[PDB]
$ cat entry_15.txt   # compact mmCIF, N, CA and C atoms
# COMPACT_ATOMS: atom_id res chain seq x y z
N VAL C 1 -12.59 -0.48 -0.59
CA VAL C 1 -12.24 0.84 -0.01
C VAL C 1 -10.72 0.98 0.12
N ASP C 2 -10.00 -0.09 -0.17
CA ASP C 2 -8.55 -0.09 -0.05
C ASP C 2 -7.90 -0.53 -1.36
N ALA C 3 -8.24 0.18 -2.43
CA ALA C 3 -7.76 -0.15 -3.77
C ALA C 3 -6.24 -0.05 -3.85
N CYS C 4 -5.68 0.96 -3.19
CA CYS C 4 -4.24 1.17 -3.18
C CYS C 4 -3.54 -0.02 -2.53
N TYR C 5 -4.09 -0.49 -1.42
CA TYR C 5 -3.53 -1.63 -0.71
C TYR C 5 -3.59 -2.88 -1.58
N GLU C 6 -4.75 -3.11 -2.18
CA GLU C 6 -4.95 -4.26 -3.06
C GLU C 6 -4.01 -4.19 -4.27
N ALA C 7 -3.74 -2.98 -4.73
CA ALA C 7 -2.82 -2.78 -5.84
C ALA C 7 -1.40 -3.12 -5.42
N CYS C 8 -0.96 -2.50 -4.33
CA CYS C 8 0.38 -2.71 -3.80
C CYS C 8 0.62 -4.19 -3.50
N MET C 9 -0.41 -4.86 -2.98
CA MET C 9 -0.32 -6.26 -2.60
C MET C 9 -0.03 -7.16 -3.81
N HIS C 10 -0.22 -6.62 -5.01
CA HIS C 10 0.02 -7.39 -6.22
C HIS C 10 1.45 -7.21 -6.74
N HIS C 11 2.17 -6.24 -6.21
CA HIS C 11 3.57 -6.04 -6.61
C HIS C 11 4.50 -6.22 -5.41
N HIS C 12 3.92 -6.19 -4.21
CA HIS C 12 4.69 -6.30 -2.98
C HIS C 12 4.25 -7.53 -2.21
N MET C 13 5.13 -8.06 -1.38
CA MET C 13 4.82 -9.22 -0.56
C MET C 13 4.88 -8.87 0.91
N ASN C 14 4.72 -7.59 1.21
CA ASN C 14 4.74 -7.10 2.58
C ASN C 14 3.54 -6.18 2.81
N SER C 15 2.62 -6.63 3.64
CA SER C 15 1.38 -5.92 3.90
C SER C 15 1.64 -4.59 4.62
N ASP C 16 2.49 -4.63 5.63
CA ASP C 16 2.80 -3.44 6.41
C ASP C 16 3.47 -2.38 5.55
N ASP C 17 4.30 -2.82 4.62
CA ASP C 17 4.94 -1.91 3.67
C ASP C 17 3.89 -1.24 2.80
N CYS C 18 2.89 -2.01 2.38
CA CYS C 18 1.80 -1.49 1.56
C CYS C 18 0.93 -0.52 2.35
N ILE C 19 0.72 -0.81 3.63
CA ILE C 19 -0.03 0.09 4.49
C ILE C 19 0.68 1.43 4.60
N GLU C 20 1.99 1.38 4.80
CA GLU C 20 2.78 2.60 4.89
C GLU C 20 2.93 3.27 3.53
N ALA C 21 2.87 2.47 2.47
CA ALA C 21 2.95 2.99 1.11
C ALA C 21 1.69 3.77 0.76
N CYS C 22 0.55 3.26 1.21
CA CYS C 22 -0.73 3.92 0.95
C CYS C 22 -1.16 4.73 2.17
N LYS C 23 -0.19 5.07 3.00
CA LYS C 23 -0.45 5.80 4.23
C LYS C 23 -0.72 7.26 3.92
N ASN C 24 0.12 7.84 3.08
CA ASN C 24 -0.01 9.23 2.69
C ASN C 24 -0.19 9.33 1.18
N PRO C 25 -1.41 9.61 0.71
CA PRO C 25 -1.72 9.64 -0.72
C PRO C 25 -1.21 10.90 -1.41
N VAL C 26 -0.95 11.94 -0.64
CA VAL C 26 -0.49 13.20 -1.19
C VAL C 26 1.04 13.29 -1.13
N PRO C 27 1.70 13.48 -2.29
CA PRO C 27 3.16 13.63 -2.35
C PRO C 27 3.64 14.92 -1.68
N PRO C 28 4.50 14.81 -0.65
CA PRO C 28 5.06 15.97 0.03
C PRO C 28 6.14 16.64 -0.81

$ encode --input "entry_15.txt" --output "structure tokens"
Amino acid sequence: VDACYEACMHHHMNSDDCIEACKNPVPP
């Protein structure tokens, strides 16, 4: 259910950054 997080976790080494990265899926 957290594909974006799992994706980010493969290029990033910061979980909280990935959470905030996948926080808003719609580009403002």

$ select_by_dssp --input "entry_15.txt" --residues "chain C" --states "helix (DSSP H, G or I)" --output "PyMOL selection string"
chain C and resi 3-8+15-21

$ atom_distance --input "entry_15.txt" --atom1 "atom N of residue 20 in chain C" --atom2 "CA of residue 5 in chain C"
8.4 Å

$ atom_distance --input "entry_15.txt" --atom1 "atom C of residue 17 in chain C" --atom2 "CA of residue 4 in chain C"
10.4 Å

$ atom_distance --input "entry_15.txt" --atom1 "CA of residue 18 in chain C" --atom2 "atom C of residue 2 in chain C"
10.2 Å

$ build_atoms --input "entry_15.txt" --residues "range 3-23 of chain C" --atoms "N, CA, C and O atoms" --output "JSON list (two decimals), in the coordinates of the input"
[["chain", "number", "residue", "atom", "x", "y", "z"],
["C", 3, "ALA", "N", -8.24, 0.18, -2.43],
["C", 3, "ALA", "CA", -7.76, -0.15, -3.77],
["C", 3, "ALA", "C", -6.24, -0.05, -3.85],
["C", 3, "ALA", "O", -5.59, -0.88, -4.49],
["C", 4, "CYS", "N", -5.68, 0.96, -3.19],
["C", 4, "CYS", "CA", -4.24, 1.17, -3.18],
["C", 4, "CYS", "C", -3.54, -0.02, -2.53],
["C", 4, "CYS", "O", -2.52, -0.50, -3.03],
["C", 5, "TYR", "N", -4.09, -0.49, -1.42],
["C", 5, "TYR", "CA", -3.53, -1.63, -0.71],
["C", 5, "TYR", "C", -3.59, -2.88, -1.58],
["C", 5, "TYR", "O", -2.60, -3.60, -1.73],
["C", 6, "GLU", "N", -4.75, -3.11, -2.18],
["C", 6, "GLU", "CA", -4.95, -4.26, -3.06],
["C", 6, "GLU", "C", -4.01, -4.19, -4.27],
["C", 6, "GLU", "O", -3.54, -5.22, -4.76],
["C", 7, "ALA", "N", -3.74, -2.98, -4.73],
["C", 7, "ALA", "CA", -2.82, -2.78, -5.84],
["C", 7, "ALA", "C", -1.40, -3.12, -5.42],
["C", 7, "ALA", "O", -0.73, -3.95, -6.04],
["C", 8, "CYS", "N", -0.96, -2.50, -4.33],
["C", 8, "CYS", "CA", 0.38, -2.71, -3.80],
["C", 8, "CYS", "C", 0.62, -4.19, -3.50],
["C", 8, "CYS", "O", 1.69, -4.73, -3.78],
["C", 9, "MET", "N", -0.41, -4.86, -2.98],
["C", 9, "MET", "CA", -0.32, -6.26, -2.60],
["C", 9, "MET", "C", -0.03, -7.16, -3.81],
["C", 9, "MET", "O", 0.38, -8.31, -3.66],
["C", 10, "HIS", "N", -0.22, -6.62, -5.01],
["C", 10, "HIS", "CA", 0.02, -7.39, -6.22],
["C", 10, "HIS", "C", 1.45, -7.21, -6.74],
["C", 10, "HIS", "O", 1.88, -7.95, -7.63],
["C", 11, "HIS", "N", 2.17, -6.24, -6.21],
["C", 11, "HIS", "CA", 3.57, -6.04, -6.61],
["C", 11, "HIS", "C", 4.50, -6.22, -5.41],
["C", 11, "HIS", "O", 5.71, -6.36, -5.56],
["C", 12, "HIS", "N", 3.92, -6.19, -4.21],
["C", 12, "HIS", "CA", 4.69, -6.30, -2.98],
["C", 12, "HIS", "C", 4.25, -7.53, -2.21],
["C", 12, "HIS", "O", 3.11, -7.99, -2.36],
["C", 13, "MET", "N", 5.13, -8.06, -1.38],
["C", 13, "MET", "CA", 4.82, -9.22, -0.56],
["C", 13, "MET", "C", 4.88, -8.87, 0.91],
["C", 13, "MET", "O", 5.06, -9.74, 1.77],
["C", 14, "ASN", "N", 4.72, -7.59, 1.21],
["C", 14, "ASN", "CA", 4.74, -7.10, 2.58],
["C", 14, "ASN", "C", 3.54, -6.18, 2.81],
["C", 14, "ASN", "O", 3.46, -5.09, 2.23],
["C", 15, "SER", "N", 2.62, -6.63, 3.64],
["C", 15, "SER", "CA", 1.38, -5.92, 3.90],
["C", 15, "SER", "C", 1.64, -4.59, 4.62],
["C", 15, "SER", "O", 1.07, -3.56, 4.25],
["C", 16, "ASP", "N", 2.49, -4.63, 5.63],
["C", 16, "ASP", "CA", 2.80, -3.44, 6.41],
["C", 16, "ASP", "C", 3.47, -2.38, 5.55],
["C", 16, "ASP", "O", 3.22, -1.18, 5.71],
["C", 17, "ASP", "N", 4.30, -2.82, 4.62],
["C", 17, "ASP", "CA", 4.94, -1.91, 3.67],
["C", 17, "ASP", "C", 3.89, -1.24, 2.80],
["C", 17, "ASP", "O", 3.96, -0.04, 2.53],
["C", 18, "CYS", "N", 2.89, -2.01, 2.38],
["C", 18, "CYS", "CA", 1.80, -1.49, 1.56],
["C", 18, "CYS", "C", 0.93, -0.52, 2.35],
["C", 18, "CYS", "O", 0.46, 0.48, 1.80],
["C", 19, "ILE", "N", 0.72, -0.81, 3.63],
["C", 19, "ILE", "CA", -0.03, 0.09, 4.49],
["C", 19, "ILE", "C", 0.68, 1.43, 4.60],
["C", 19, "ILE", "O", 0.06, 2.48, 4.47],
["C", 20, "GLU", "N", 1.99, 1.38, 4.80],
["C", 20, "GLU", "CA", 2.78, 2.60, 4.89],
["C", 20, "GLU", "C", 2.93, 3.27, 3.53],
["C", 20, "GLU", "O", 3.10, 4.48, 3.44],
["C", 21, "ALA", "N", 2.87, 2.47, 2.47],
["C", 21, "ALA", "CA", 2.95, 2.99, 1.11],
["C", 21, "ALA", "C", 1.69, 3.77, 0.76],
["C", 21, "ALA", "O", 1.75, 4.80, 0.10],
["C", 22, "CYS", "N", 0.55, 3.26, 1.21],
["C", 22, "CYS", "CA", -0.73, 3.92, 0.95],
["C", 22, "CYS", "C", -1.16, 4.73, 2.17],
["C", 22, "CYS", "O", -2.34, 5.04, 2.34],
["C", 23, "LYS", "N", -0.19, 5.07, 3.00],
["C", 23, "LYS", "CA", -0.45, 5.80, 4.23],
["C", 23, "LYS", "C", -0.72, 7.26, 3.92],
["C", 23, "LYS", "O", -1.68, 7.85, 4.41]]
